[PDB]
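As a plain string of letters, each chain reads:
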Amino acid sequence: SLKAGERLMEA
Amino acid sequence: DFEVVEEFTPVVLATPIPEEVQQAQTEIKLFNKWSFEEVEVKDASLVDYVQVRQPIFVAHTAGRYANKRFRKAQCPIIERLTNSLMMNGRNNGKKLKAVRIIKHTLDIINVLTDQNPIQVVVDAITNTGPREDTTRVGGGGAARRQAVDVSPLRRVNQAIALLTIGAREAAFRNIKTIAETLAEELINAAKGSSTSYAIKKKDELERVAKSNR
Amino acid sequence: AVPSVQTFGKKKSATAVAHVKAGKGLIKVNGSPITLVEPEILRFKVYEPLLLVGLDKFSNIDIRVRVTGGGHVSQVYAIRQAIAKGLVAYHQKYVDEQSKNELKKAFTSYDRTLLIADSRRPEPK
Amino acid sequence: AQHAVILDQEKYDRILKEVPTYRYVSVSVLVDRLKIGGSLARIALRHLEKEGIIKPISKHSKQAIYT
Amino acid sequence: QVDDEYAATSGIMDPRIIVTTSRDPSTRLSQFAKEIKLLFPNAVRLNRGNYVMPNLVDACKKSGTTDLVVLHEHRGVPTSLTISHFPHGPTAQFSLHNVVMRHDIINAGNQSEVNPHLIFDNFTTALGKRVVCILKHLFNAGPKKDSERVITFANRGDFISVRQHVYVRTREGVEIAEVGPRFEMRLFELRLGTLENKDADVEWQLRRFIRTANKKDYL
Amino acid sequence: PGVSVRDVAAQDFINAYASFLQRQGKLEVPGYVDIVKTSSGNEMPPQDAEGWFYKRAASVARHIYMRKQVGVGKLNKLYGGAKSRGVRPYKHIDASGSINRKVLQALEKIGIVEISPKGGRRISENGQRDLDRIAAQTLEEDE
Amino acid sequence: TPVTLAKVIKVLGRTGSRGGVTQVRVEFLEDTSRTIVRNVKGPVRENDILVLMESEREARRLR
Amino acid sequence: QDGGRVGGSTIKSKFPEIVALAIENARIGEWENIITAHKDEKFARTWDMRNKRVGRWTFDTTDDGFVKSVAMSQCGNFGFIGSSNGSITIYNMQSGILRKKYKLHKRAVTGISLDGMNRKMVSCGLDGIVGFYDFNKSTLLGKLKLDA
Amino acid sequence: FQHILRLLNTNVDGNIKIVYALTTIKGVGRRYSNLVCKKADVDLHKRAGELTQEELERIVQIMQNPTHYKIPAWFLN
RNA sequence: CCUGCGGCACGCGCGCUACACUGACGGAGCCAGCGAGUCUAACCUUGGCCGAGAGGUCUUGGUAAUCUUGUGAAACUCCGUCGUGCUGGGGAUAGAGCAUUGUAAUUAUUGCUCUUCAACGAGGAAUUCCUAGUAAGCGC
């Protein structure tokens, strides 16, 4: 599970 | 052109203060020999962490440097080198032995390389402190060395550590004491001759960090 | 009578009773000149109140200092404390006030431990 | 008995024929293989008489003998 | 009814306590002060060396703590223990005989550290109620009805025996298991001042050398 | 312009006066003086058996001078060091009594000290002179 | 091998980084325009100058 | 204070007439605050304002020149004296002790001042030099020359 | 120079000081080896590979017969 | 080696010692704090004298901020000797003599003096204590 904010960036 | 007369009588005292001490009231000198003026940290990013601006007589400022996070920076590094000399159970809590070594060590660096001892000690710490250090990663049970950069306080802390350990280990079973081998370190670390302890051991820490980045 | 001023100086468990009176310029520690202090490396730790302000200001005064308690080092921090306090409390009494604030700003910029006792009272976290 | 000098009477030869060569300290003077039929550190001693043109260093002492 | 020293705080303010060690501790007992630091909540462990008992008391009333736990030892086996309530409160020097440190056993894990229930058994004497009200206030007030670790203080045969337990409740019975230290414990003197004072009024004192010394209980 | 022995550093004084009492030659070093260890927890006899008894008298004179009177039991404790008991802890032990008693009887013959009232030993007006004398000679060593 | 110094602007909080390693937006000293998100090892604050053996890599998370 | 007796004629005559006066009112009633330079005297006396009396200190020039101009610091601690041989002696005002002697001019100094901040100091000579001093440090800041 | 030599049935190593080369003999103290070099007027810091047999037996006459050379009786082994 | 726990040759826990030159040895420099101390008796004991020392002895001060005691403690400091050799590092094991406490010292009470001069060259897997006058060194 990715930490939030990182998963913004690759999305 | 212009003169200021500030002293009006020949200042003589009933208690005789010696000829080398009355001369020492113009500039403050380390161990009454070594001037803090004309001593430049020849590497930027290390000024504000190597503190040679405020001159000192002996390397024994007993002030509190442990309380704040970065209070450790303003220790005048000659003392900060003596503090890392008393690192062994045979040596903890004996500072006057360590100060007597440095005053004997700083003489040796003069006799060999005329320049200054204290310009060499500053130039030693600029060379041996690494520029990229490698850390361990988690990686899910299979750890690889991940290379990062290093804060300039750690660059000074580990630099001072490698010199005194490098002197304490090279003078383990030799007729050469701690005082002379440390002067063999700092002169070689000033040139970066790769024949000292710390210039070698930096050149793995910057070698390993290049391999995996 | 005789103009004197008595100041104290205190490190770990060592007192320092420095009588300062107008005189000729002798500076004694325990009935012995100040050029004969024991640890011999820290002798310049007690020349600090002599050499910071300038050795001219001791030309008219006497500094009788007697110390008990402490060790070898923690007496040297007591005689450098009571000479600095004994000098800067004679210029506010029997010499000029503007001398005192020149001294109290001189010892301050060098080392504040000369004047006020750095008391290392404990802390619980 | 036999002469109270040799091997070291040769060690004298190669001594003053190599000391001016290097030179350096007593840990370095340890070289050449220092043995009896004379003495260790004393080497530098009679070597303080003349000279050479090079360095040196002391232990319990403290010097940079320009021997 | 609670004791007169503990009366103002009793349920209102949580205690904050200090577990500290005698002087240059052995590495066995410096572990064992941490089990005391874990057996209570609100407990910090300050290593003692070149402190005096005045300036460790007097720099604790200042910072404000409820009480002070100091330990002693013989050759690694801890022997003694005192609890001393600070705002001129009482002290209780305990001798503790049968100890089993937690670090001996196995790497079973780590403790629950949640607020414990307590169990005080076999305290009948009025001096026994003093030891109740001086031990009970070392725990944070008002534990939950379903907290899972319970600390028993049992008094069979004048030796207050304290164990640490966790419990879970099955379909029929409670099943328990032991974590933390086993003590036997014995108080032997009870001052009305702190452990600093050394000339305060002695409320109780274990008399050994008396014709009826072995006869009575809580004597 | 005047000197007291207190104007001369401790060692350089007992150094030049212990070499004054050897060139003086009249002291009466007692019969043994090569075999004794000097103290309680000592190990070896003095490393210089030549000039030690004169080193020690030259100490003893500078010490009773500065004081009113000091006895034999007092010179022991001043000259006793710590004794290594080996595998047992170090503790303080007084030095050898005969030695310091035989510096006192032997400094009364050259008159550097005398029996005091109240007890002990005290510096004599003559020995107060000699000590002040060499306190100047040492003072003037500056050419 | 020219080395480019960099001045620290802002330490980064709440980023999930491996302990010991902290994450810092630096600013280039020789040209005050650019920024690069690098990681430090030792203790670092703002307004101190940091040494970069390589400029163009820009360090990501270290898990 | 010293104990030796004062040197002067026993038939008391008044002080010679006063050609330069300076007064700073900041510390009045505690020591002297009026410095006057008499006509043709190598010294220059002081006066307390509150007690209405000649002060106890007299200020000498130490180069045998006549006092042509005096000034005081705004703090009322320093007393300037401008000799007629360039020398600017700065006497303190508690004890009348000498502290600093400035030497820039060669002709007669004819006016001194100290700024409000006690930092910078000016002087003007009959040689045309207007010298600008620092006073915290003893450095000469600069030097200006006019015509007359 | 002559190396390893035999004194009182004991082989004495030549390249060391006589103050210490005599101490390899059984029982004789370090200070006892320090006194005999003083009594026999021998330099302390010489090596054992020196010391001609004239000066050897004078040490031997003192060491095997102490009490005729003002040696203190406690100072024996 | 000391000690505790097991076991009954050994297993375990707390510990002390040193492996040396940031040392040892010899002089010399010389600085703590908490403390205790004698009555119907023999306490803490200066000083003198005798003994290499350990100790002996003639006296003294003190029921004590008064006398011991400035407890002149030790690491520590300086100058010197040793010179990397199980060496002068280390002091176990042991021989012989002299003292002390005690009705009593053999299975050594302890101390002193000379000789004997071992393991130990930084300690496997394990694992203890610790954040500032603290850790560790050091003596009382």
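- If you check the header, you'll see the entry was determined by cryo-EM and the resolution is listed as 4.9 Å.

- As named in the PDB entry, chain I is 40S ribosomal protein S18-A, taken from Saccharomyces cerevisiae.
- In the PDB, the title recorded for this entry is "Cryo-EM structure of the 90S pre-ribosome from Saccharomyces cerevisiae, state Dis-B (Poly-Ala)".
- A UniProt comment under Subcellular location is attached to chain I, and it reads "Cytoplasm".
- Quoted verbatim from the Sequence similarities field of UniProt, the annotation for chain I is "Belongs to the universal ribosomal protein uS13 family."

- The PDB entry annotates chain G as 40S ribosomal protein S28-A originating from Saccharomyces cerevisiae.
- Recorded in UniProt under Subcellular location, the annotation for chain G is "Cytoplasm".
- Its UniProt record gives chain G a comment under Sequence similarities, which states: "Belongs to the eukaryotic ribosomal protein eS28 family."

### What about the overall build of chain I?
And then number 1: A count of helices and strands for chain I gives three helices and two strands.
And then number 2: Overall, chain I shows an N-to-C arrangement of helices and strands of β-β-α-α-α.
And then number 3: With respect to the three principal axes, the spread of C-alpha positions in chain I is 35 × 20 × 20 Å.
And then number 4: Sequence-distant contacts in chain I: of pairs separated by 6 or more residues, those separated by 24 or more amount to 63%.

### A few points about the overall build of chain G
And then number 1: Scanning chain G for helices and strands turns up zero helices and four strands.
And then number 2: Secondary structure elements in chain G, listed N-terminal to C-terminal, are β-β-β-β.
And then number 3: Its C-alpha atoms give chain G a radius of gyration of 11 Å, within 12% of the compact-globule value 11 Å for 63 residues.
And then number 4: Dimensions of chain G, computed from C-alpha atoms along their principal axes, come out at roughly 30 × 25 × 20 Å.
And then number 5: A separation threshold of at least 6 residues defines the contact pool for chain G, and within that pool the share at least 24 residues apart is 34%.

### Examining the pairing of strand β2 (residues 14–22) of chain C
Residues and elements named next belong to chain C.
And then number 1: Bridging between strand β1 (residues 4–8) and β2 involves five bridges; their strand directions are antiparallel. Opposite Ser4, over in β2, you have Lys21 as the bridge partner.
And then number 2: As judged from the nine bridges shared by β2 and strand β4 (residues 61–69), these two strands associate in the antiparallel manner. What sits directly across from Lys21, in β4, is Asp62.

### Notes on the sheet that holds strand β2 (residues 22–28) of chain G
Whenever strands of a sheet pair, they do so through backbone hydrogen bonds, lying parallel or antiparallel.
All names here are of chain G.
And then number 1: Overall, antiparallel pairing links the four strands, which are arranged β3-β2-β1-β4 in an open sheet. In this open sheet, the two edge strands, each paired with only one partner strand, are β3 (35–40) and β4 (49–52). Taking each pair of neighbouring strands and ignoring which way they run, the sheet shows an average axis angle of 50°.
And then number 2: Bridge count between strand β1 (residues 4–11) and β4: four bridges; the pairing is antiparallel. Pairing of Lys7 across the sheet is with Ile49, part of β4.

### Describing the interface of chain G and chain B
And then number 1: Facing nine residues of chain G, the contacting portion of chain B comprises nine residues.
And then number 2: Those elements that place two or more of their residues in the side of chain G that touches chain B are β3 and β4 of chain G.
And then number 3: In terms of residues, the side of chain G that touches chain B owes the most to one element, β4 of chain G, which gives three residues.
And then number 4: For the side of chain G that touches chain B, a count of residues per class yields six nonpolar, two polar and one charged.

### Remarks on the sheet that holds strand β3 (residues 43–48) of chain H
All names here are of chain H.
And then number 1: Pairing is antiparallel in the open sheet, where four strands are placed in the order β1-β2-β3-β4. Here the strands that pair on one side only, and so sit at the sheet edges, are β1 (18–23) and β4 (53–60). Strand-to-strand twist of the sheet, defined as the mean angle between neighbouring strand axes without regard to direction, takes the value 25°.
And then number 2: Bridge count for β1 against strand β2 (residues 34–38) is five bridges, and the pairing is antiparallel. By the bridge assignment, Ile18 is partnered in β2 with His38.

Conventions used here
- Residues numbered from 1 in each chain as written, not as in the entry; some residues may be left out.
- Chains lettered and ligands numbered in written order.
- Part of a larger assembly, values for the part shown.
- Heavy atoms only, no water.
- Residues with missing side-chain atoms left out of burial classes, pairs and counts.
- UniProt positions renumbered as here; feature names shortened; annotations may be inferred.
- Helix = DSSP H or I, 4+ residues; strand = E, 2+ residues; numbered from the N terminus.
- Contact = heavy atoms within 4.5 Å.
- Rg over C-alpha atoms; globule rule 2.2 N^0.38 Å.
- Pairing = 2+ DSSP bridges.
- Axes fitted to C-alpha atoms, helices over the stretch in contact; angles between N-to-C directions.
- Nonpolar A, V, L, I, M, F, W, Y, C, P; charged D, E, K, R; others polar.

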